[PDB]
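This document opens with one chain alone, in structure tokens, the form deposited in one PDB entry.
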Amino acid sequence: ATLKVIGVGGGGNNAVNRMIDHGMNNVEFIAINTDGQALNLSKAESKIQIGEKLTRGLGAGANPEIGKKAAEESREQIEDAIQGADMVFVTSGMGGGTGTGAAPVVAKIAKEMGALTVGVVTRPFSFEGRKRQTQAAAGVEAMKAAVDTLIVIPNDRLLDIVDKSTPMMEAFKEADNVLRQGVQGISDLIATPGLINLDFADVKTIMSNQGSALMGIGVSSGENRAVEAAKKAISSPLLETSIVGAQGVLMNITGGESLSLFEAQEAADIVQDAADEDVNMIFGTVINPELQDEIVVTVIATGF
């Protein structure tokens, strides 16, 4: 299966840049923007400049209707850049002009090309004011009607994981992990045969036409590794949608040869009880003999 990550507008393109520098295998990156200066600095292999005539190579100036229209007018270049993708991740900041207006169009186009379409977007900081927050909300609602699943990261949550001195760049790297480990987690599932297998058709069943979603990875070792890794997978400090209320779950456990049946049940029960609901689970297990005492739990939850 072909996975693509599409950054749209300034925020999304920076997050794509950071992920490219972090280093990501078997994934194609597309950078889409009106801003010609930021595109030139993008590390993505595929770059699409939209709205050249509209903005003369600048950003959309916090006007989301210009973002929308720039993407509508370049829909055939966007189609060509997406063609062949089984799964597309569309990431952008909501609140401004290009991301807020263009991202829902890009996602709509991706979905009617037949790709599984996931959105990962941000809401602006409260200090940016009410109007910015309101434009962002319209953007999230537009995104929600265009994608298969939506992950929303409110930027105000970044204030929950920093101390007074944490560099702004470091804060953003933490927000990046959500998209990056979700992408990496799915990429690993697709490629890796399991003792209890999960493949792309399982990802499609749990994500298709679901609305809100959560994606998480948890790694742990030692005494209560299964339970701790599972708790870390569903921990949502940055997430708008927590695990509570999930009706559909894809869950994978990867461990070494010592991975116990009893442990797998423990981890699966954590996910069942945290959701505080009957969860309808697709469950998988990988035995990676290269691992030692490390356990890795991957969770994708939808159906809210």
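One rule holds for the numbers: they count along the sequence shown, beginning at 1. By rigid core we mean the largest C-alpha set that fits within 1.5 Å across both forms.
Keep in mind that the form deposited with a small molecule bound is not shown, yet the notes after this line are about it.
- Although the partner is absent here, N155 is a contact residue: one of its heavy atoms lies within 4.5 angstroms of the small molecule in the deposited bound form.
- Taking the partner from elsewhere, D80 is found to have every heavy atom lying beyond 4.5 Å of the small molecule in the deposited bound form.
- The closest heavy atom approach of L179 to the small molecule in the deposited bound form falls within 4.5 Å.
- Under a 4.5 angstroms non-hydrogen atom cutoff, the small molecule in the deposited bound form has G96 among its neighbouring residues.
- With the partner omitted from this view, the residue of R132, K144, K231, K108 that lies near the small molecule in the deposited bound form is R132 [heavy atom within 4.5 Å].
- Screening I206, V227, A175, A85 for any heavy atom within 4.5 Å of the small molecule in the deposited bound form leaves a single hit, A175.
- Contact with the small molecule in the deposited bound form, judged as any non-hydrogen atom within 4.5 angstroms, is confined among 111-119, 159-167, 88-96, 71-79 to 88-96.
- When the rigid core is held fixed, the Cα atom of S236 travels 2 angstroms or more between this form and the one not shown.
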